[PDB]
Structure formats: structure tokens, C-alpha cells
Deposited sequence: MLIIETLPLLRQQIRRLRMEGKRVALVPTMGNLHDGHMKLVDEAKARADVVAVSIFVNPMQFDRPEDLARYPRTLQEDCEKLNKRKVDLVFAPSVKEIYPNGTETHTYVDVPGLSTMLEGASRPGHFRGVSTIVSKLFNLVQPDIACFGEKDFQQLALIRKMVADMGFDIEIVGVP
């Protein structure tokens, strides 16, 4: 398994996978992975040659800084679990790599029809960075899954959005 923390190195591998003809699935996560997140990984492995999992606790989608600060961070353990599940690549960026000037002045994506603006923004950016053929999301957060399906339909992303029960 490859663990990538920077944009240039991620871009290099995305390009390599593209030149190798790999079908790529992305599983976005905020880390603190449990057996339940493996449903996403297992669906992704069946549906692609290569599985990339992002781990990024996204400040733009937390209403309270207290909650962002207390969100569990267990990177070594997440990566252990992913490596055992045969994941190919983990993308684990820093906050500043994602939001160089902070979130308040960052370009955002809003899906009509703070929390959800944070979700469409980071998921669009992960789609632009990883350029996956397929991306897997839980059905449990049904508002989030609805928001991403609409975002994709509206914004022209060529990505199959897979809801996992």
C-alpha cells in the first residue's frame, strides 16, 4: 500500500495509474475507520482495479471548532486496517495543503435543493485531485449521498457514484 500526503506526489501517482489504464475507485473518509467503513472499501475493490481511500478531517464541514478538534485522529490504525483490506493508496493531506489560505476565503461549491457546503467543497476537490472512475459513499447519511449525486449530475463529473447500504 502507498501512503501519499502531498498534492504533487498524489498527482504523480494519479498520472501513473492513468497511463497504466487502471480503473480507480475513491472512498472518501475522515479517518477513525471502523469495520463499517470496510463496506465502502469492499464495494470499491469489486468495482475497480485500484482503490484510493482519502483520510481528511475537513474543517469546512464542522459547525463548531470544538467538534473538529475532538474528532478522533488515528492515522496509523486507519492505515493498518486499510492495508489489511488490500487498499492500494491512501491520501492523507494536511489542512493547509487542502485550504492554503484557510477555509473562509476558499472557493466553495454549494448544491441548492455550512455543513453541506463543506461536504460538496471537499468532495469536489477530492474528485478533481484523484479523478476516479467511481466513488463510494454510505447510504446512511442519505442527505450527503443525495447532495453528492446532485453535485455530480449538475457539475459534469464523469464519476459513477455508488451508494453502499
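Visitor: List the gaps, meaning deposited-sequence segments with no CA coordinates, ordered along the sequence.
Guide: Gaps in the modelled chain, taken against the deposited sequence, amount to a single one at 114-124.
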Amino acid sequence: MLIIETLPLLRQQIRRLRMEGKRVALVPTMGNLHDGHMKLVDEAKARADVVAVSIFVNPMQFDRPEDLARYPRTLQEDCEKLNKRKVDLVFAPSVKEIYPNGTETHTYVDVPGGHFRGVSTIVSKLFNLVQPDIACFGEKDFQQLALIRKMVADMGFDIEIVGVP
From here on, numbers count along this sequence of modelled residues.
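Visitor: Check the entry's C-alpha temperature factors for 20-28 and 139-147, then say which stretch has the higher mean.
Guide: Here the higher of the two C-alpha B-factor means belongs to 139-147.
Visitor: Pick between 89-97 and 76-84: the one whose mean CA B-factor in the entry is higher.
Guide: Per the deposited B-factors, the answer is 76-84.
Visitor: At the C-alpha atoms, which of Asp63, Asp49, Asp42, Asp133 reaches the highest B-factor in this entry?
Guide: Answer for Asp63, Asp49, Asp42, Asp133: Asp63, with the highest C-alpha B-factor.
Visitor: By the recorded C-alpha temperature factor, relative to the other modelled residues in its chain, which third is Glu104 in?
Guide: It belongs to the highest third of the chain when residues are ordered by C-alpha B-factor.
Visitor: Taking the values exactly as deposited, rank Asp67 by C-alpha B-factor within its chain and report the matching third: lowest, middle or highest.
Guide: Within its chain, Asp67 is a lowest-third residue by C-alpha B-factor, going by the deposited values.
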